[PDB]
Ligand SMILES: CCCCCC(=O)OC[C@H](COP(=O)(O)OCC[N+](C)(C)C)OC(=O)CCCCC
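In structure tokens, the next block holds one chain alone, the form solved without this ligand.
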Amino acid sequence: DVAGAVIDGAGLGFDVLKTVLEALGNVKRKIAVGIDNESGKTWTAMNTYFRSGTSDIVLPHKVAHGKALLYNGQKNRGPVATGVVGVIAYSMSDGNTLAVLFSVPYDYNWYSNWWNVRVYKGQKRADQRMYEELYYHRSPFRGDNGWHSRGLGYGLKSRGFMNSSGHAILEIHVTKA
């Protein structure tokens, strides 16, 4: 039930994610990510690229079909005005990559919460380029208190939800299209 964990997908929900978030203590910018694997593919962790902020969670290595991964992130230490922005990358047993963008900005006068889910062909580790694609070019969803669904190609689709505040919860379910 903690952030390093792989749980039964059916157990991924708001209450698991609220506890994962509050477990981070009182930081200005922080995020709880839950990703439910119902894609039929087995996911193996590659990496998280942090554009901003950090985590000391070991990215859950093996997420089989019907299993959810729990994860978290937070802004960098010190009196800096940055948020927590990054991309998570999982290789799937079909040879492709599941990439997940999350963006929790510091300045809510100029920016918003964003998230994205994309399938890449082959095994692409998360990096600055992938961040730019997911954030700037691939029509990311807004942390706008709304559910957003989209086909990913490769016989899959994603469904996610993200709140608007600097204490963010991102809930994603990857299923077959």
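Between two forms, the rigid core is defined as the largest C-alpha subset superposing within 1.5 Å. Numbering starts at 1 and runs along the sequence shown. Residues that one form lacks are left out of the comparison.
Below, we refer to the form solved in complex with this ligand, which is not included among the displayed structures.
Visitor: Would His148 sit within 4.5 Å of this ligand in the entry with it bound, counting heavy atoms only?
Guide: No.
Visitor: Would you please decide whether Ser103 lies within 4.5 angstroms of this ligand in the entry with it bound, comparing each non-hydrogen atom pair?
Guide: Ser103: yes, in contact with this ligand in the entry with it bound.
Visitor: Within 4.5 Å, heavy atoms only: does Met92 come near this ligand in the entry with it bound?
Guide: No - in the entry with it bound, heavy atoms of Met92 and this ligand never come within 4.5 Å of each other.
Visitor: Any chance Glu132 has a heavy atom within 4.5 Å of this ligand in the entry with it bound?
Guide: Contact with this ligand, yes.
Visitor: Is it the case that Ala81, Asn109 and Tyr136 all touch this ligand in the entry with it bound, with a non-hydrogen atom of each within 4.5 angstroms?
Guide: Checking in the entry with it bound: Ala81, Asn109 and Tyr136 are all within 4.5 Å of this ligand.
Visitor: With a 2 Å cutoff on C-alpha displacement after fitting the rigid core, which stretches of 3 or more consecutive residues move between this form and the one not shown?
Guide: 78-81 is the lone stretch that moves between this form and the one not shown.
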